[PDB]
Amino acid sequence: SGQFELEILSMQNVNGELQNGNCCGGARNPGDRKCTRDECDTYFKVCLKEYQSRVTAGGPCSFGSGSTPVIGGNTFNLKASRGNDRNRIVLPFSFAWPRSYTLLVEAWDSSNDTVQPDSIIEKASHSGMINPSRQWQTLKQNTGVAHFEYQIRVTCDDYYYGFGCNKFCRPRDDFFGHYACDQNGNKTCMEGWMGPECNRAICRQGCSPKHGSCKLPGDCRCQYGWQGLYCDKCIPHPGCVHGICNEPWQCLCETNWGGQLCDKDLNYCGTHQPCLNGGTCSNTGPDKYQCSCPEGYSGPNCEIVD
């Protein structure tokens, strides 16, 4: 989104003549050929269109057209003046600025009280190249009887960048992005954000790429069944005692532990030493054993004496 602006700087028509050779409304004085009966009522028409190597006099004003109201007589100098809504033409555009253009600028005499219509004083035309910039470029139409000067520029609208004023960037800090804008309209992510729109939170250094995730920067939220600072430890089956997991909800037994919960001792003899009075213990199953009793002892643990 941009604007092509045109400002009138000066007009000099010392005798008050039209392009056709006649005076701006009135009779020419025989001899001195001075136009003394009236002065021009000078206004300007502007036509902006696509580049033409061979500039046509007519045709459509594709990029826009405009006119100023009457802004002075035969001669006026606005060079030391500021320039207001009356002596300037604004031509907005929403298409990417093509750099190349054709510009028609004409000085006209107003006649809205007499028999004759509005008549052209002088015409300027050219084709050129212009990039977005706040800097004005002066152009002078000083080849005919009436001379005029004007300045032009192309400016980008707010948050627009590049040669076509077409690249949009407005800084943001919400669920659509967390960034600032470059001098080129590029997005520069706030600390803790990544991706083209700076909308992907950077997770805790070491966060599991398989089981860890983000919503806010610096965190590590675990996938269901995963735990730990880096979400890289599985959660064993609830109820698991002497077992481990490689995957969530597993209960893989440690040595000499049995059962789905790894709570059944396969070395009851080693852990409890239940055979009393010099008896020998034998592991025979989960939480199971058998005692072989010396002479004079009886019972499951050789506890019955005599």
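Numbering starts at 1 and runs along the sequence shown.
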- Avg C-alpha B-factor, entry values, 41-49 vs 26-34, higher side is 26-34
- With reference to the PDB entry, specify whether the mean Cα temperature factor is higher for 109-117 or for 77-85. 109-117
- Out of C156, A124, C214, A96, which residue has the highest Cα temperature factor in the PDB record? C214
- When you compare the CA B-factors of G58, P248, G64, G243 as listed in the entry, which one comes out on top? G58
- Query: By the record's CA B-factor, is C189 among the lowest, middle or highest third of residues in the chain?
  - Reply: middle
- In terms of the chain's CA B-factor thirds, is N131 lowest, middle or highest? lowest
- Query: In terms of the chain's CA B-factor thirds, is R221 lowest, middle or highest?
  - Reply: highest
- Task: Comparing against every modelled residue in the chain, figure out the third that the C-alpha B-factor of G195 lands in (lowest, middle or highest).
- Result: middle
- Task: Name the third of the chain's ranked CA B-factors that contains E149, choosing lowest, middle or highest.
- Result: lowest
